[PDB]
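Residue strings, one per chain:
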Number of protein chains: 2
Amino acid sequence: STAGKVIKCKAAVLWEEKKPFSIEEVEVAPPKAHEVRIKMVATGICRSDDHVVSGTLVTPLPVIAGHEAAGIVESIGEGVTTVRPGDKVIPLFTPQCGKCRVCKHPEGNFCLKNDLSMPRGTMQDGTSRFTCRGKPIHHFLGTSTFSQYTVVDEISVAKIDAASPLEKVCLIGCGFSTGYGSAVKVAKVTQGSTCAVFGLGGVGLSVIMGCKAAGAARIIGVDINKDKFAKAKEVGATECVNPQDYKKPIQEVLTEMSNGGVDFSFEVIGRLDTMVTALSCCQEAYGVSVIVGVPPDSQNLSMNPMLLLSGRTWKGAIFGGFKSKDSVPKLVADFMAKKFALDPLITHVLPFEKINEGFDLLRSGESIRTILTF
Amino acid sequence: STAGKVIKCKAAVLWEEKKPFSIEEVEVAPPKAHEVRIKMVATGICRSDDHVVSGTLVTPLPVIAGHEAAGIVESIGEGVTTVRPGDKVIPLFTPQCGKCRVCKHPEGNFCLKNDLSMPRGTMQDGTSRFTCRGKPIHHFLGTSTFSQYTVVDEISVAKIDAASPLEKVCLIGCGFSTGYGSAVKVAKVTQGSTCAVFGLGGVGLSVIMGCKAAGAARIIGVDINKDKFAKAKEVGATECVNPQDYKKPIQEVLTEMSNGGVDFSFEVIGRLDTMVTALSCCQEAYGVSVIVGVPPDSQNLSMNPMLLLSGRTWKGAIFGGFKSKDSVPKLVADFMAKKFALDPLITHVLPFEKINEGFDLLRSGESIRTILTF
Ligand SMILES: NC(=O)c1ccc[n+]([C@@H]2O[C@H](COP(=O)([O-])OP(=O)([O-])OC[C@H]3O[C@@H](n4cnc5c(N)[nH+]cnc54)[C@H](O)[C@@H]3O)[C@@H](O)[C@H]2O)c1
Ligand SMILES: NC(=O)c1ccc[n+]([C@@H]2O[C@H](COP(=O)([O-])OP(=O)([O-])OC[C@H]3O[C@@H](n4cnc5c(N)[nH+]cnc54)[C@H](O)[C@@H]3O)[C@@H](O)[C@H]2O)c1
Ligand SMILES: OCc1c(F)c(F)c(F)c(F)c1F
Ligand SMILES: OCc1c(F)c(F)c(F)c(F)c1F
Ligand SMILES: [Zn+2]
Ligand SMILES: [Zn+2]
Ligand SMILES: [Zn+2]
Ligand SMILES: [Zn+2]
């Protein structure tokens with residue numbers, strides 16, 4: 001029995017940038033008031049986790065990363081009302097406190113209790129529940145899913161369907177919901193429209209899924225890796241283009257292809273240049289461009305504001321614009337009701353012990369999502 | 001008495017950047033097919049006309065500027081169906097061809113026949129109707145309202161109420177409609193919201209009018225010229241701030257004043273720095289910022305796309321997002337029915353012959369709108 005006790009378990013600790021994860025024993029404290037300790041079942045490898053490794057994202061180290069996952073509640077702290085031991089849950093890397101101005105806003109999801117903007121790498125109370133070799137280890141986004149057990153704040157966990165297949169619905173914790181919501185909720189893609197999707201990884205494929213669900217007539221996938229095009233077409237891309245195949249800049253190609261610009265474009269890579277290209281390729285008077293990718297820390301882009309003055313809309317979003325705790329259970333219910341598919345995003349399924357191999361598959365271009373199983 | 005004949009009249013010709021206008025005789029050719037020759041009655045001095053003088057806005061010289069005006073049709077060319085001789089009209093600097101993909105789109109207004117994006121300084125047929133000293137003179141935005149007579153394409157003119165006071169409703173041809181629409185149509189300001197308006201000239205005052213019409217609870221005016229604040233409060237500002245009064249950047253001041261960022265911000269100046277400041281000061285998860293000011297030619301801004309990733313929406317618009325030929329007559333009808341006021345924008349009246357004094361009044365900071373009478 002582990003309730004109220006320190007757990008010694010296995011986790012993937014990142015001690016410093018640009019090094020492999022170290023799979024080793026950590027101590028996980030029991031949950032405090034309004035905290036939940038979760039036995040992990042499955043976690044996806046998102047590019048954002050690789051950004052911590054590469055230094056693209058700055059967050060305090062050493063750290064237990066991982067933010068796309070699903071597991072089963074092991075124990076709850078005093079005052080928890082929304083989950084119980086044995087519940088299937090998804091950790092929420094964007095929390096939903098329910099009390100801040102953003103949570104109360106009909107269109108806000110970026111709760112002010114997040115640990116993204118200005119990361120502390122702690123629980124809400126400014127402390128850590130992790131130690132390794134006698135040293136405190138930072139949390140990541142309130143989730144830290146690269147561990148057999150984590151502790152999260154109640155506002156960072158959602159109860160989901162008890163019959164959920166956790167090795168699939170873990171993707172609702174980041175990449176599926178992000179891409180699908182970027183299309184259906186943030187962009188509000190319209191029936192009959194033309195979309196361009198820059199980056200055909202797990203998140204970009206989810207954007208395609210959402211564009212097709214919304215009834216887009218044309219969905220143009222853009223990637224420098226042509227090995228990504230077959231799966232993009234399977235999930236709804238009508239065309240794919242590789243910028244490297246063209247003498248012209250791709251914004252010009254896409255403007256030509258769309259007879260004057262696309263209705264909706266999405267940056268799903270994380271490069272400053274592709275953010276500006278994606279904006280430019282949407283029709284100048286009524287186009288919408290959504291930034292989804294995460295670019296290198298503290299770098300500014302350059303752009304001509306005439307692109308906006310003519311009438312373009314430029315926006316971005318975290319987690320597809322979804323209010324996390326309200327939406328995650330509904331998305332799992334919709335998956336259970338066959339309203340969308342997750343299998344097209346899953347290319348590899350590895351034990352957790354092969355986390356490094358899973359990151360090498362992402363870096364080499366081979367994988368979409370690797371699911372690690374505990 | 002002049003139908004089919006060249007008209008000799010006075011115009012304000014700009015031969016060179018950074019020089020006074022030259023009031024002198026020009027020849028105005030009769031209208032060709034689908035053209036309309038207009039006897040001007042009143043024209044406003046908009047900062048965009050001053051941009052042509054300063055080189056902020058690049059358009060071919062020599063030129064007859066002016067784009068905010070009203071007049072009476074003198075004659076129509078073959079095939080014109082939408083106006084007749086003797087009709088009161090407003091020239092439309094943003095055309096409405098009614099046929100292009102933008103005109104057909106429910107939210108588009110930046111018609112593809114515009115002469116703004118890549119100015120030619122011609123009629124739609126690529127030629128000029130103006131001669132001065134035997135030399136061809138450029139048009140400006142298809143309107144060229146700084147002339148006793150102009151010729152415009154039919155898609156660039158709207159028939160308005162025959163009982164219209166032309167010395168007021170000229171402002172519907174640019175500054176009022178731009179600012180009002182930027183609030184009510186482009187931003188879609190909501191009841192109870194907090195707005196910030198950067199720049200309190202005729203366009204920013206019109207933005208305030210729209211934010212007040214929309215029910216905003218707080219409207220914060222921002223200007224470095226504190227002489228602008230009294231009128232801004234008369235038309236709806238709840239409070240005004242001068243960035244020069246503060247040690248901290250005004251985006252930080254405005255974020256503090258709004259307990260975490262404003263719902264809606266407007267850049268109504270034309271500076272790259274205030275475009276980024278205005279974006280920054282809107283709430284990071286659900287704020288909306290609208291660029292209205294005209295940026296300096298060919299210059300890029302620098303900004304961190306994390307401002308957008310958190311959830312902000314950034315857009316711009318020409319002419320308040322209004323489809324010009326549909327909207328201008330309705331706006332005049334609404335003015336006739338006292339649905340909005342134009343007098344708060346008019347600070348000075350001068351004869352056309354005193355156009356240079358009118359530009360001096362704008363450059364000194366004294367005026368909002370000077371209305372020139374022919
Ligand atoms: N906004 C959010 O809430 C959120 C959520 C999840 C992921 N992300 C970010 O979204 C991005 C995509 O994540 P992912 O799908 O896991 O990554 P991924 O699986 O690495 O996919 C990226 C794709 O971009 C392609 N690519 C790389 N460079 C270019 C280029 N120059 N032109 C066109 N294609 C290019 C690359 O070949 C790959 O297929 C990353 O920056 C993530 O950090 C953001
Ligand atoms: N998008 C459109 O369709 C459209 C239409 C009309 C006007 N414009 C542009 O809108 C802008 C405003 O035009 P307008 O109202 O006629 O001009 P204006 O009367 O010159 O007003 C501009 C205001 O900005 C103030 N200002 C200048 N610098 C700063 C600063 N650093 N911070 C704060 N305030 C400052 C200035 O004191 C003045 O009151 C100009 O750039 C026009 O070219 C655009
Ligand atoms: O993939 C989701 C994701 C983000 F969108 C971020 F902006 C971020 F900083 C991060 F750490 C993250 F995991
Ligand atoms: O004031 C309206 C106005 C604009 F918004 C422009 F973008 C522009 F180029 C121009 F010439 C103009 F007059
Ligand atoms: Zn909250
Ligand atoms: Zn992610
Ligand atoms: Zn048109
Ligand atoms: Zn103007």
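- Method information in the entry identifies X-ray crystallography as the source of the structure, with 1.2000 Å recorded as the resolution.

### Side note on the site of ligand 1
All names here are of chain A.
- In the region of ligand 1, 28 residues are neighbours, and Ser48, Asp223, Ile269, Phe319 and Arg369 sit closest.
- One nitrogen or oxygen atom from the side chain of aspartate 223 is found 2.6 Å from an oxygen atom belonging to ligand 1.
- One of the side-chain nitrogen or oxygen atoms of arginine 369 is found 2.8 Å away from an oxygen atom of ligand 1.
- Elements represented by at least two residues in the shell around ligand 1 include exactly α1 (47-54) and α5 (202-213).
- It is α1 that provides the largest number of residues to the shell around ligand 1, a total of three residues.
- Broken down by class, the residue content of the shell around ligand 1 amounts to 14 nonpolar, nine polar and five charged.

### Some points on the coordination of the zinc ion (ligand 8)
Residue and element names in this part refer to chain B.
- The zinc ion (ligand 8) binds to the protein through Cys46 (SG), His67 (NE2) and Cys174 (SG), with metal-donor distances spanning 2.0 to 2.3 Å.
- Geometry at the zinc ion (ligand 8) is tetrahedral, judged from the four donor atoms that bind it and their angles of 104 to 123° at the metal.
- For the zinc ion (ligand 8), all donor residues lie on one chain, and their spacing in sequence is C-x20-H-x106-C. On the criterion of sequence distance, the pair formed by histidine 67 in the loop between β4 (63-64) and β5 (69-76) and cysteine 174 in the loop between α3 (166-169) and α4 (175-187) is long-range, its members being 107 residues apart.
- On the accessibility criterion, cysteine 174 (6% relative accessible area) is buried.

### Examining a positive patch on the surface
- Taken together, the side chains of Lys99(A), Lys104(A), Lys113(A) and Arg120(A) define a basic patch exposed on the protein surface.
- Inspection of the secondary structure assignment puts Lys99(A) in the loop between β6 (88-91) and α2 (101-104).

### Quick look at unusual backbone geometry
- Along the chain, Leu61(A) connects to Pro62(A) via a cis peptide bond; the corresponding omega equals -5°.
- The backbone of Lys188(B) sits at a positive phi, close to 60°, despite the residue not being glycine.
- Turning to its location among the elements, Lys188(B) is positioned in the loop between α4 and β11 (194-198).
- The phi angle at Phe319(B) is positive, at roughly 60°, despite the residue not being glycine.
- Structurally, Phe319(B) is set in the loop between β17 (313-316) and α10 (324-336).

### Focus: the UniProt feature "binding site: Zn(2+) 1" in chain A
All names here are of chain A.
- Per the UniProt entry, the sites bearing "binding site: Zn(2+) 1" are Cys46, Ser48, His67 and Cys174 in this numbering. Taken along the chain, the residues just named run across 129 residues; in space they keep tight, none of their C-alpha pairs more than 9.7 Å apart.
- Relative to the assigned elements, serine 48 resides in helix α1.
- Contacts of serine 48, omitting those with residues within four sequence positions, involve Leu57 and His67.
- Looking at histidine 67, the relative accessible area reads 1%, which means it is buried.
- With residues up to four places along the chain from it excluded, the contact list for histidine 67 reads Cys46, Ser48, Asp49, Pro91, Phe93, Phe140, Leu141, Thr143, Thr145, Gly173 and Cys174.

### Here we look at the side chain of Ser327(A)
- Note on placement: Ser327(A) falls in helix α10 (residues 324-336).
- A polar atom in the side chain of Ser327(A) sits 2.7 Å from the backbone oxygen of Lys323(A).

### Here we look at the UniProt feature "binding site: Zn(2+) 2" in chain A
All names here are of chain A.
- When the UniProt feature table is mapped onto this chain, "binding site: Zn(2+) 2" is found at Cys97, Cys100, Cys103 and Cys111.
- Tracing the chain through its elements places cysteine 97 in the loop between β6 and α2.
- Not counting residues up to four positions away in its chain, the partners in contact with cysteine 97 are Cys103, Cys111, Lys113 and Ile155.
- Mapped onto the secondary structure, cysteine 100 falls in the loop between β6 and α2.
- Once residues within four sequence positions are removed from consideration, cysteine 100 is found in contact with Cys111 and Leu112.

### Here's the deal with the packing of helix α7 (residues 250-257) of chain A against helix α8 (residues 272-281) of chain A
Residues and elements named next belong to chain A.
- Axis separation between α7 and α8 bottoms out at 9 Å; the angle between their running directions is 25°. With respect to α8, the element α7 is oriented roughly parallel. Handedness of the α7/α8 crossing: right-handed. On α8, the residues that touch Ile250, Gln251, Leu254 and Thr255 of α7 are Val276, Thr277, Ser280 and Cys281.
- For the contact of α7 with α8, the per-class residue count stands at four nonpolar, four polar and no charged.

Reading the values: rules and limits
- Residues numbered from 1 in each chain as written, not as in the entry; some residues may be left out.
- Chains lettered and ligands numbered in written order.
- Heavy atoms only, no water.
- Near = heavy atom within 4 Å.
- Polar contact = N/O pair within 3.5 Å; in protein donor to acceptor, adjacent residues only side chain to side chain.
- Helix = DSSP H or I, 4+ residues; strand = E, 2+ residues; numbered from the N terminus.
- Nonpolar A, V, L, I, M, F, W, Y, C, P; charged D, E, K, R; others polar.
- Donors = N, O, S within 2.8 Å, 3.2 Å for Na, K, Ca; no water.
- Tetrahedral: all angles 85-135°; square planar, octahedral: opposite > 155°, others 65-115°.
- Buried < 20%, exposed > 50% of the residue type's maximum accessible area, 1.4 Å probe, protein only.
- Patch = residues over 30% accessible without salt bridge, like charges linked within 9 Å, V, L, I, M, F, W, Y side chains within 5 Å.
- Areas by Shrake-Rupley, 256 points an atom, 1.4 Å probe, with all protein chains shown as cover.
- Salt bridge = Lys/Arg side-chain N within 4 Å of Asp/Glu carboxyl O.
- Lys, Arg positive; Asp, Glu negative; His and termini not counted.
- Charge placed at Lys NZ, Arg CZ, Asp CG, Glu CD.
- UniProt positions renumbered as here; feature names shortened; annotations may be inferred.
- Contact = heavy atoms within 4.5 Å.
- Axes fitted to C-alpha atoms, helices over the stretch in contact; angles between N-to-C directions.
- Parallel < 35°, antiparallel > 145°, perpendicular 65-115°, else oblique.
- Left-handed = near helix turned anticlockwise from the far one by under 90°.

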